[PDB]
Every structure is written in structure tokens, then in C-alpha cells.
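Chemist: Sharing a structure with you now.
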Amino acid sequence: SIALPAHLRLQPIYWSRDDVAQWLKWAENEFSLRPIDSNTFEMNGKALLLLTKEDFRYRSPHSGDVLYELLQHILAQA
């Protein structure tokens with residue numbers, strides 16, 4: 001199964017700008033994604049939630065849609 005590390009176990013809506021950077025750092029190792037600059041999503045979880053799939057793909061051509069589905073999958077948790 002796909003379980004978030006203990007430090008990020010809260011609903012994304014509550015992630016701070018630094019939780020976002022920490023989720024990107026984790027996803028990259030966990031999922032073997034391309035290197036993704038940490039200052040790529042300079043925003044918090046609330047703002048992260050407004051972005052479309054197209055937007056994620058804009059910020060990251062390679063990882064883009066994977067980071068999006070991971071987030072959707074996380075939202076469907078609880």
C-alpha cells in the first residue's frame with residue numbers, strides 16, 4: 001500500500017509551504033521521479049489544491065501528472 005510518512009499524515013489542505021516541499025522530496029524517492037526543484041511549488045496545501053493536472057504538468061513536464069494522481073489518491077484517504 002501507499003502510506004505517507006508519519007510527518008505528513010495530515011489532510012493536504014493543512015500542509016504548509018514546507019510540508020509541500022517535504023512531500024515533493026518524498027514522492028521523488030518513493031516513486032523514482034525526476035529531480036524536481038524544491039522551490040517549484042512555492043505555496044501551501046490549500047493552494048496546491050487549486051492547481052489543475054495541466055498546471056502540475058506545467059511545473060514539472062516529467063513528474064507532473066504523477067504528482068497530481070498521488071495527491072488525488074491522498075485526498076481519497078481518511
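Labeling convention for the C-alpha cells: chains A, B, ... as they appear, residues from 1 per chain, ligands from 1 in order of appearance.
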List as a ChimeraX atom specification the protein and nucleic acid residues near region 37-48 of chain A, meaning an atom at most 7 Å away when only C-alpha atoms are counted, but skip any in the same chain fewer than 3 places from it.
Modeler: /A:12-17,20-21,51,59
Chemist: Report, in Å with one decimal, the straight-line distance from CA of residue 3 (chain A) to CA of residue 58 (chain A).
Modeler: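 Separating CA of residue 3 (chain A) from CA of residue 58 (chain A) is a distance of 26.4 Å.
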Chemist: What does the distance between CA of residue 68 (chain A) and CA of residue 5 (chain A) come to in Å, to one decimal place?
Modeler: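 Taking CA of residue 68 (chain A) as the start and CA of residue 5 (chain A) as the end point, the length is 17.9 Å.
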Chemist: Output as a tab-separated table (two decimals) with C-alpha atoms, in the first residue's frame all residues of region 2-75 of chain A that backbone DSSP marks as alpha helix (DSSP H).
Modeler:
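Once everything was written out, this is result.tsv:
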```tsv
chain	number	residue	atom	x	y	z
A	17	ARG	CA	4.63	25.64	2.15
A	18	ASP	CA	7.28	23.36	3.81
A	19	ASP	CA	5.07	20.27	4.06
A	20	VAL	CA	4.66	20.67	0.24
A	21	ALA	CA	8.45	20.74	-0.26
A	22	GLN	CA	8.70	17.66	2.04
A	23	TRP	CA	6.04	15.76	0.08
A	24	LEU	CA	7.87	16.51	-3.18
A	25	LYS	CA	11.18	15.33	-1.70
A	26	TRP	CA	9.41	12.10	-0.52
A	27	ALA	CA	7.43	11.34	-3.69
A	28	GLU	CA	10.67	11.69	-5.72
A	29	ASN	CA	12.44	8.98	-3.69
A	30	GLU	CA	9.37	6.86	-3.08
A	31	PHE	CA	8.27	6.93	-6.74
A	45	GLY	CA	-1.53	22.62	0.51
A	46	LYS	CA	-4.58	24.87	0.22
A	47	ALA	CA	-3.09	26.44	-2.90
A	48	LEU	CA	-1.73	23.09	-4.06
A	53	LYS	CA	-3.45	18.46	-13.77
A	54	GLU	CA	-2.32	20.73	-16.63
A	55	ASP	CA	-0.75	23.08	-14.02
A	56	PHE	CA	1.20	20.29	-12.32
A	57	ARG	CA	2.41	19.28	-15.82
A	58	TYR	CA	3.43	22.91	-16.38
A	59	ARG	CA	5.61	22.98	-13.26
A	64	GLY	CA	3.76	16.39	-13.35
A	65	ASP	CA	0.72	14.12	-13.73
A	66	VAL	CA	2.15	11.53	-11.30
A	67	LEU	CA	2.40	14.13	-8.54
A	68	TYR	CA	-1.20	15.05	-9.35
A	69	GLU	CA	-2.59	11.49	-9.11
A	70	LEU	CA	-0.59	10.93	-5.92
A	71	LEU	CA	-2.32	13.99	-4.40
A	72	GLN	CA	-5.76	12.83	-5.59
A	73	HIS	CA	-5.04	9.41	-4.12
A	74	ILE	CA	-4.06	11.05	-0.82
A	75	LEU	CA	-7.27	13.14	-0.76
```
Chemist: For CA of residue 9 (chain A) and CA of residue 62 (chain A), determine how far apart the two atoms are, in Å to one decimal place.
Modeler: 25.6 Å
